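First the structure, in the form of structure tokens, and then the observations on it.
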Ligand SMILES: *[C]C1=C([C])[C]=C2C(=[C]1)N([C][C]([O])[C]([O])[C]([O])[C]OP([O])(=O)OP([O])(=O)O[C][C]1O[C](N3[C]=NC4=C3N=[C]N=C4[N])[C]([O])[C]1[O])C1=NC(=O)[N]C(=O)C1=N2C#C[C]N([C])[C][C][C]OC1=[C][C]=C(Cl)[C]=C1Cl
Ligand SMILES: *[C]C1=C([C])[C]=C2C(=[C]1)N([C][C]([O])[C]([O])[C]([O])[C]OP([O])(=O)OP([O])(=O)O[C][C]1O[C](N3[C]=NC4=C3N=[C]N=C4[N])[C]([O])[C]1[O])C1=NC(=O)[N]C(=O)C1=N2C#C[C]N([C])[C][C][C]OC1=[C][C]=C(Cl)[C]=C1Cl
């Protein structure tokens, strides 16, 4: 039944459990309330005979995501490289264009320069931002007033390199470039390791998945806690005016504790009614950090027909109409159950959600067909999907995004405690915020904060550096001499003394 | 005790009660749950001996706000004109500049053109937007991707007319021009009756207040319901999968009903846990409609010293440092308790809130001093303030604002019902959304929707036009011939660029 504990953790997510774990290891009586009838939250592994196991939520891990990898291993969970042996393909206006490498290739000289200048510039601006304190950047104020679009259109002279920029935004933040803050975005990418890493599959965060499903990490870490993790128990009230903190749920349950760690998305923090009304700053901020929109879709075929054309599941579709933006081969390691994973992002997310499951499915197939070639794409065996906009206790999926003007006003708070209530959740991470590893950073960070508050941990050993995973080495990023110096579209015209004319 | 009712209304605000009222008048067993220990919500009249009565929240009403005026009167509440007999003043870079009229005057020719072009253009674009469906406008998609700043900087050539535009945004939406959607804003202003009305005091929505406090409207309409309005009962759960809708609060209470009307701010809708998880669209939208930031501040003096200089309380301060943006004479009708009402908006809101009450107060006085003149401004008798960012069950104050890209994606839902749950709240109004009158539009609209769902009201008589208040006539808006035609800064260059070809082409051929 409902009793008294030392620390009560709201959130059965990775970040939640991570904290719960660490806390138990310090022999602390911690309780963990989860609202869903399951655990893992934004990470969710669906199991049925048609697919065995599938990460319908969080799934990919990579090179610098040491924190998650470590915890993953400790829990006895394996990683498996994502298939990229074949060719990648870019679908632009006309048709499909095979290619190999990080980003697709651009052959128009001007575009090429603009395109390159883009990525390079975004990273240049990024270096100027404090990973742990975006709002502290030099040009911090000027930038946060600018929409990622504004910025993109201010540095892209090629309609090509520009639309591409947009997509990049869609793919990494599940939102439109005009919906988010340039300042924030620049940070998000930087906080992950620059454009290169955040996008690469061969050496990026999309390098590999978990054998058995990323979901397992939460499931596992729950078994180690067992008794101390109440499911279907949505926290709904936190009263911390007394010597003991009160915490009642929606099950009508009641629990008291000495400290609280919130391991749920900032925006969802509002599902809770706080006794001493939270401070303006927080109160105000908790209503400005929206969850992006995405529908993860896996289409299963009886055979990886794309391999027959030296094409790996990966496709980068740039075409208004098309439902999916990017895709990947989600076939199993043992070649079992070939399938293709694709994403429906931002604007498209809501648009396609207006259709019937079947129709949507079709649309997707019809697409994969044209992009690839063989109509073998029109005859799927099974189809699994997940629209995270529906989820009440998640809001959306690739974390929350900061809109224009918010980062530089109420941002300084995300991780700041509100008297005995500490904050976790990947949204408060510093490295890979938004990703699973990001969740861990926080889950633990918050945990240690509370431990320090109990005298068990020094104010120093609260923020701990992670040992580079020897199983997934952090191969440095090769930055070509050309890339480092090739002029920008404007740069080329300033070299060719071209600005004194009427084009 | 917690029983069964026909309709349960979440929200003891004006829009809430309005609905509750209308529903009772149709002999419907309706219940109204309010989270605060009081009623009126964003409208709140503070009472103490030092000020008798003061609207520390919503307060002004005007010419086209017929809905609120009507309900106000019916409840036996009077209105009193806002003082503007004296001179208004604009505080710019240098010092104070007296003036009379709607907007302050701009004397630099170019500025004047740009400045004028501004307002006119905002209204032109507005006319193109469907009051009841912003997202339906022609250039709807192009605009909603553009920040009100983006737009302002794209049509203002004068650093002057531009900074002014910003302020206008701050004052009307309690947010920064770069935080909100140009599309949305343009609508907000249009939905109120264009720039002219939304800002004017002499014939605008700031024409007059309620004698006794706007708060009274809710308080009153509560007495008519009495028993059927539970205070300190924050709704926390809504289960509507059964034949009867379940609704539990935070008091541990439980109520069942046939229909629900949500009369609370969109963003605050999330304080509730819904049984059948709301649809993506709504779910998604409910996390994108933030409440602006403002701190209403009244400073009381023993004498309206500003009247001694032919200055009425009104001041329009344009200067980064200065705490208050705009002010008004908040003295009482009978000259009793002279005082000045000022606002601390957007960025400034949070900044000043970091100070100690006393310090803030000082800063404000020090300002009023310089702006006006006499140091009599440094010796206040009493000071009352309210920072609405603090409020848990309100979020902020001049309603919610739509950020870039949201209106054209999830906007189409604000008023749309989610199975037996209908939506009220001023944020869903069509006329004066954000204002008290706006609240009423909705409160009733939603009410009728539910009545119609009960067969008591036709699908037609659901959206009812309001009879123009004969006590506060809707005087039309005079649009000068000059204003209607004077060229824009670009326009003047386009015209001159041709006066040049004409003068030099005519003369040269001659010699
Ligand atoms: C959704 C999603 C998707 C779809 C995908 C993905 C994701 C997502 N991710 C992310 C993750 O998942 C996250 O971050 C995590 O999970 C987080 O965690 P946390 O922090 O812990 O949180 P959560 O989970 O949310 O949880 C919470 C919890 O709690 C609860 N609650 C609430 N409220 C409440 C509660 N309880 C009580 N009470 C109350 N009130 C809930 O319910 C829960 O449980 C990810 N991540 C990572 O790491 N990875 C991955 O993979 C992922 N995924 C993704 C990504 C993507 N990216 C970005 C992009 C991609 C790209 O791709 C590419 C590239 C290149 C080329 Cl060429 C191609 C392609 Cl395709
Ligand atoms: C805050 C604010 C202020 C400060 C001011 C003002 C305002 C405000 N306003 C607004 C109003 O107030 C509003 O809109 C209303 O009130 C709304 O209503 P409704 O819709 O009903 O809502 P509410 O109230 O919020 O309520 C809700 C309720 O519910 C509850 N809850 C929540 N949640 C929950 C609950 N319960 C249970 N459960 C749950 N969950 C709450 O608590 C509540 O109770 C206004 N309006 C009008 O009409 N008027 C006025 O006056 C106002 N005010 C303002 C305005 C301003 N404007 C815009 C601008 C100004 C300008 O000025 C000038 C001009 C010219 C010259 Cl030369 C100078 C100057 Cl200074």
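Tabulated data for the structure shown
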quantity	calculated
Footprinting exposure proxy for B:145, B:159 (fewest neighbouring C-beta atoms within 10 Å first)	B:159, B:145
Burial ordering of B:22, B:186, fewest other beta-carbon atoms within 10 Å first	B:22, B:186
Nearest 10 degrees, 0 to 90: helix B:109-127 Cα axis against chain B principal axis	30
Approximate spin-label separation residue A:479-residue A:3, in nm, with each point projected 7 Å along Cα-to-Cβ	5.5
10 Å Cβ neighbours from other chains, averaged over peptide A:278-285	6
Test item: A:394-407 mean partner chain Cβ contacts at 10 Å	3
Sequence of B:296, B:81, B:154 once ranked by neighbouring C-beta atoms within 10 Å, starting from the fewest	B:154, B:81, B:296
Computed helical MRE - 222 nm, chain A, DSSP H runs ≥ 4 contributing -39500 (n - 2.57), nearest 500	-9000 deg cm²/dmol
Chain B: angle of helix B:14-25 to the longest principal axis, Cα-based, in degrees nearest 10	40
Pairs of alpha carbons in the stretch B:464-511 whose separation is greater than 13 Å (percent)	74
20 Å-binned pair-distance histogram of the protein assembly as shown (Cα, whole percent)	12, 42, 35, 11, 1, 0
Average Cα contact separation per residue, chain B, under 8 Å, 6 or more apart, as relative contact order %	24
Inter-label distance for residue B:494 and residue A:110, nm, one decimal - labels placed 7 Å from Cα along Cα-to-Cβ	2.7
Theoretical FRET efficiency, 1/(1+(r/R0)^6), r = Cβ-Cβ of residue B:121 and residue B:359, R0 30 Å, to 0.05	0.15
Estimated inter-spin distance, residue A:369 and residue B:453, nm [label 7 Å along Cα→Cβ]	4.3
Cβ neighbours within 10 Å from other chains - mean over A:347-357	2
Principal-axis tilt of helix A:357-372 within chain A, Cα atoms, nearest 10 degrees	40
Kirkwood hydrodynamic radius of the stretch A:108-199, from inverse mean 1/r over distinct Cα pairs, in Å	13.0
Kirkwood Rh and Cα Rg combined as Rg/Rh, the stretch B:404-511	1.37
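Any read-out appearing in this document is the output of simple, stated calculations on the displayed coordinates, not a laboratory observation. For neighbour counting, all protein chains shown are included, and Cβ atoms are generated from backbone atoms with ideal geometry for every residue, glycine included.
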